[PDB]
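Below you will find one chain, with nothing else, as structure tokens; this is the form deposited in one PDB entry, and questions on how it binds or moves follow later.
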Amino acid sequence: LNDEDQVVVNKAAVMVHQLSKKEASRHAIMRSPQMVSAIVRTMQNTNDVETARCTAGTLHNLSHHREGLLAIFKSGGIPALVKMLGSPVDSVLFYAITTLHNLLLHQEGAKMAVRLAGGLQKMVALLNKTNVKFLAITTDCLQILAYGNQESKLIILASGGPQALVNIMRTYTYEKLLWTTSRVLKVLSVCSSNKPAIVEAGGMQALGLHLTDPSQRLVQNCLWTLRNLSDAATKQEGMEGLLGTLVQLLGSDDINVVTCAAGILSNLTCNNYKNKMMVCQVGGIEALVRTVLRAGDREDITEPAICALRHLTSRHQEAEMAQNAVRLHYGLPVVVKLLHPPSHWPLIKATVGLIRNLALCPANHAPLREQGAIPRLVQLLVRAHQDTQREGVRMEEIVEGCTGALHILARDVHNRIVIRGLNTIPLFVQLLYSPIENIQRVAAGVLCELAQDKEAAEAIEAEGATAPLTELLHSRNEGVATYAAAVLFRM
């Protein structure tokens, strides 16, 4: 029942630890700001290893109670504990990081105090350790400190956080550590600075390793992180296994797994012909079509899935096969259906883009017509055009998209009859006056397809298309000028 510590003696601290076990003396110890600071002082300066751990272990026991935390807190224990994270005694390290962990969990203001003490840099530097239980605690501290705190995220990045965390995911199998580390990566994955770094470290491939782990919380966190990372990332190697697993996960009974899988696949296939090839080769088209069908009106699933299908049906060696595969796997009816309510604009925009690609395949021309793609595309176009003449999706995008789809569909003679029968020529001619070059292009394009039929060519001329087409001959956009010349010729 004392309060005085004498230098050069291990007896004092050695006795103090023995008391912190018994809750009786322990409360007395933390009900007293006296020796608590003296405990800290001893730990912070003592070069006797055996004293340090006896000291740190004492503080650890105190961190189990609300006032014991406050005691350590108001006694300036946090900077001391942070300093102790440089200790070469594994026993001391464990107590330091654990006590800090407890403070971070419960003690108000501890998070800020640790950051100020330079705790982040020290913790990141400890990520090269090899004890999984120690790493699990350290990574948990990092997660707590990084969540909702951009300042901490940037510090973790500057300290080499991303590479160290990815190395952990590539190395260990301890679930608790893999889960907690993935949680840190998820928090960092929404940072515009951390994200490219995680990707460069090989983070996507590493996270892909655990997508078939029995732990659902691990799989889901890896999926959430992957969705963030895959958005407009640099081209990567070794993505084969990951892409394969993602396709498999599309058939999961877990909706969040399915939603993430579709989203990642969409992100990874956008303007990436290599990935498009791989996804198609492992049956990606069929899996995505089944996913869309099962999803119904759930646009959180259909939107990324349709986006992925749009990517897969364009600009790669097996694009044509993918275009046929959508039809062969009973996908055409549901695609047309998604153009109708209750579909919102992002889905509609994506669906229009998909139809445009599907129309590149001649064997899709008739089924798309039979399923009623043309009148709905025209109604969407007419209304979208009116809106532009009166934040999400701009109606200008819908105008360009629908006209673009009609341009491709107009390759078929029967489609041209349907398209013109819907009083579209006056609208297409008006779109020639659009300020947007891309709208001018598809407008002149569909008119060019239509004008190959004599009767339609006369109707285009009667609509007074000659004057704007002549102006478009001098368009800085070569595509616009080429189509404009082609229409003028056939007239």
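The term rigid core refers to the maximal set of C-alpha atoms that superpose within 1.5 Å between the two forms. Don't overthink the numbering: it's just position in the shown sequence, from 1.
We do not show the form deposited with a partner chain bound, though everything after this point is about it.
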Item to check | Option touching its partner chain, based on a heavy atom within 4.5 Å in the entry with it bound, out of 195, 376, 369, 385 | outcome: 195
Item to check | Selected contact from 284, 304, 203, 161, since only one has a non-hydrogen atom within 4.5 angstroms of its partner chain in the entry with it bound | outcome: 304
Next on the checklist: What I'd like checked is whether 420, 425 and 455 together line its partner chain in the entry with it bound, meaning each has a non-hydrogen atom within 4.5 Å of it.
Outcome noted: no
Checklist entry - Taking heavy atoms and a 4.5 Å cut-off, does residue 231 contact its partner chain in the entry with it bound? => result yes
Next on the checklist: Although the partner isn't part of this model, could you tell me whether residue 395 comes within 4.5 Å of its partner chain in the entry with it bound, counting any heavy atom of the residue?
Outcome noted: no
Next on the checklist: Is residue 270 part of the interface with its partner chain in the entry with it bound - any heavy atom within 4.5 Å?
Outcome noted: yes
Item to check | Residue contact check: residue 190 to its partner chain in the entry with it bound, 4.5 Å heavy atom | outcome: yes
Item to check | Residue shift check between this form and the one not shown, rigid core fit, residue 234 Cα at least 2 Å | outcome: yes
Item to check | Direction of the Cα shift between residue 267 and residue 234 in the entry with it bound, where the change is 3 Å or more | outcome: closer
